[PDB]
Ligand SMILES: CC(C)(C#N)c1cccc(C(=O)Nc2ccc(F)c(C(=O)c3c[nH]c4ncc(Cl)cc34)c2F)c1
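The chain that follows stands alone, in the form solved without this ligand, written as structure tokens.
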């Protein structure tokens, strides 16, 4: 019941943004580069470790251990969902898009069932190893913020962020393409006068998915569905 990895067993490698490592195969290491952790740096570490060690799911990033500040997880080869959708030459077929949506819904459903709120769900936090949800959370990111988020964070907030991810999948683009100033999005979305353009969705997009999307993007936090129903709907049409 100790996920403390004795330091010196890990061979850290190239920088990523976090290092690629070697422990009992390929691993991904997060090194907190400080002389001595502040009291704030300490609780941040415990909390991420505490919530990571309660996850055992195929669609959640595999936490492998910690070191005392370091967090060891599985190495994921490939790029994030952000790269593939926005900064990539190659697009995806619908069957794959719906598949990416389903796995993410499974992971999000798993977390919510464990009383865990990601509080930072976005296409950049979704690694396409097989969907892998990482970069945790408790138990630039403005585009994925619910109107009440601009305590605001809840299961409903994750539901909204999930809705934007759906929008990315079904359109390929980021929301609010006609805006280059962050302060107005904050104002317009925050007030309740701005919403993603669901007319941008592909012709291939099932009306079912387009409906579900609008539900997750509801202006009022309480009209948004729950992942048990979100997964049910996605699983059905698939």
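Positions refer to the first chain, counted from 1.
Below, we refer to the form deposited with this ligand bound, which is not included among the displayed structures.
> Identify the site as open or blocked, taking the pose of this ligand in the deposited bound form and overlaying it via the site C-alphas; a blocked site has 3 or more ligand atoms within 2.4 Å of a backbone or C-beta atom of the shown form.
Transferred pose: blocked.
> So which stretch, 209 to 217, 48 to 56, 195 to 203, 169 to 177, is the one near this ligand in the deposited bound form (non-hydrogen atoms, 4.5 Å)?
Contact criterion met by 48 to 56 only.
> Let me know the one among 131, 143, 149, 76 whose heavy atoms come within 4.5 Å of this ligand in the deposited bound form, would you?
By the 4.5 Å heavy-atom cutoff, the listed residue in contact is 76.
> Can you pick the one in 111, 98, 105, 165 that has a heavy atom within 4.5 Å of this ligand in the deposited bound form?
Partner contact (heavy atom, 4.5 Å) among the options: 111.
> Please determine whether residue 116 contacts this ligand in the deposited bound form, using a 4.5 Å cut-off between heavy atoms.
Result yes; residue 116 sits at the interface with this ligand in the deposited bound form.
> Tell me, yes or no, whether residue 189 is in contact with this ligand in the deposited bound form, where a contact means a heavy atom of each within 4.5 Å.
Contact check for residue 189: no, nothing within 4.5 Å of this ligand in the deposited bound form.
> Tell me, yes or no, whether residue 160 is in contact with this ligand in the deposited bound form, where a contact means a heavy atom of each within 4.5 Å.
Result no; residue 160 lies far from this ligand in the deposited bound form.
> Could you tell me if residue 69 has a non-hydrogen atom within 4.5 Å of this ligand in the deposited bound form?
Residue 69 lies outside the contact set for this ligand.
> Counting only non-hydrogen atoms and a 4.5 Å cut-off, give the residues of 22 to 47 close to this ligand in the deposited bound form.
Sequence-ordered list: 28, 29, 30.
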